[PDB]
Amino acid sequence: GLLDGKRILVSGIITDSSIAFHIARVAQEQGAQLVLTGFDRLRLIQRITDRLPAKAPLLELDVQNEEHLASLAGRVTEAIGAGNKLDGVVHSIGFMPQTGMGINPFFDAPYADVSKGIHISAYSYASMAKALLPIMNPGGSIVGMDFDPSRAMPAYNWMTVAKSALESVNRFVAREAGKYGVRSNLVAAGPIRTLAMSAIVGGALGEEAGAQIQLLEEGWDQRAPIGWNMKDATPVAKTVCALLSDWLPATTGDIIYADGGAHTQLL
């Protein structure tokens, strides 16, 4: 039981192939008691989350919604019972309009689209942290989902910029979480065949974008000194759990790369 009797909030589930779905599964397998947040299609998320090895309360959270955020702590302690706190929080949320990643030239994304992408993808990590730290235990852990934005890449465009912003927000959240005895870190994952990701390689964001994404994926397994399996999200789920646990107690403001080692190799 890596996570025995820890209370952990997990966001961002939308299908059975969401990274957050696998994080939640492995975390329960490891003894965690979960609270889940969902966006928009709540009856759908309910139905999907019913397949986790245990039951967990579902709460609505639109990360762009001030009221959702203001009432969040209240609604969580209500779901976990008064006088209980969280030990962990998982941010697994990402969004960039059409316009900002894919077929569209980089120069043609209007700022409103880019601003929305950054709001949901980078800023919400801070506002989740702000809403949840008052109800977190010493020794607690905040983990967010990242990918390595340190070099530019085709197709991902403004989404990459959003991750650069996220990494930076993470170092600041760490300063705040520290006052609570709480850690803040990101997991940088390699590419994973979620529903949306597979749609994009199928050409949902245009044919040039699809081809480039596919090249990025093939290259990944080659560079990774231990290989990369894009259809298996469990290696990244385990990494997040490692961070939710007591076994990385001196790591914060930081990034753990669950990417097969690909980023450490040129080719």
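Note that residue numbering follows the sequence shown and begins at 1. Rigid core (definition): largest C-alpha set, two forms, superposition within 1.5 Å.
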**Fill in**
Judged by RMS Cα deviation after a rigid core fit in 7 other deposited structures of this protein, the more variable of 57-65 and 214-222 is 214-222
**Asked** Mean C-alpha B factor from the entry: is it higher for 170-178 or for 70-78?
**Response** 70-78
**Complete:** The stretch carrying the higher mean Cα B factor in the deposited entry, 5-13 or 251-259, is 5-13
**Asked** Hey, out of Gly144, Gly83, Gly190, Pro149, whose CA B-factor is highest in the deposited coordinates?
**Response** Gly83
**Message:** In terms of recorded Cα temperature factor, pick the maximum from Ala165, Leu186, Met159, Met197.
**Reply:** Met197
**Complete:** So, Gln212's CA B-factor, relative to its chain, sits in which third? The highest
**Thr234 CA temperature factor, ranked by third within the chain** = middle
**Asked** Should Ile48 be placed in the lowest, middle or highest third of its chain by the C-alpha B factor in the entry?
**Response** highest
**Modelled-residue ranking by C-alpha temperature factor, third containing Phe39** = highest
**Item:** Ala54 by Cα B-factor - lowest, middle or highest third of the modelled chain
**Value:** highest
